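Chemist: can you look at this? It's an experimental structure, sequence on top.
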Amino acid sequence: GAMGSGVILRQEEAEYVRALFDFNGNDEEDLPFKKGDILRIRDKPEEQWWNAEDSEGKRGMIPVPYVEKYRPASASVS
């Protein structure tokens, strides 16, 4: 029969970057990124994934695809 139930195929993994610019959003399931400003938000530098209450009082996470890529200088061993 219809082996398909109606599922969307996504190829997204995770965006790793550091906060640089500052953009505002109006999404409840997301959070606006700030430019290395002073706010209460656990923004991931080596990763574009943040989660906390920004200066806008809003809390959420986003691939902050509006910042400068971040590469982990150091490396790990087996």
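Modeler: Okay, I see it. Numbers count the residues shown, from 1 in each chain.

Chemist: burial of residue 46, as a residue count?
Modeler: With neighbours defined by other Cβ atoms under 10 Å, the count for residue 46 comes to 13. Just so you know, the C-beta spots here come from the backbone N, C-alpha and C atoms, and that holds for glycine as well.

Chemist: with adjacent residues omitted, what lies nearest to it?
Modeler: Nearest non-adjacent residue to residue 46, counting by Cβ to Cβ, 6 or more residues apart in numbering: residue 70, 4.9 Å away.

Chemist: tell me how far the one you found lies from residue 61.
Modeler: Separation of residue 70 from residue 61 (Cβ to Cβ, to the nearest Å) stands at 16 Å.

Chemist: list the contacts of residue 42.
Modeler: By Cβ atoms under 8 Å, 6 or more residues apart in numbering, the residues touching residue 42 are 50, 51, 52.

Chemist: how far away is the first one from residue 3?
Modeler: When distances are taken as Cβ to Cβ, residue 50 and residue 3 turn out to be 38 Å apart.
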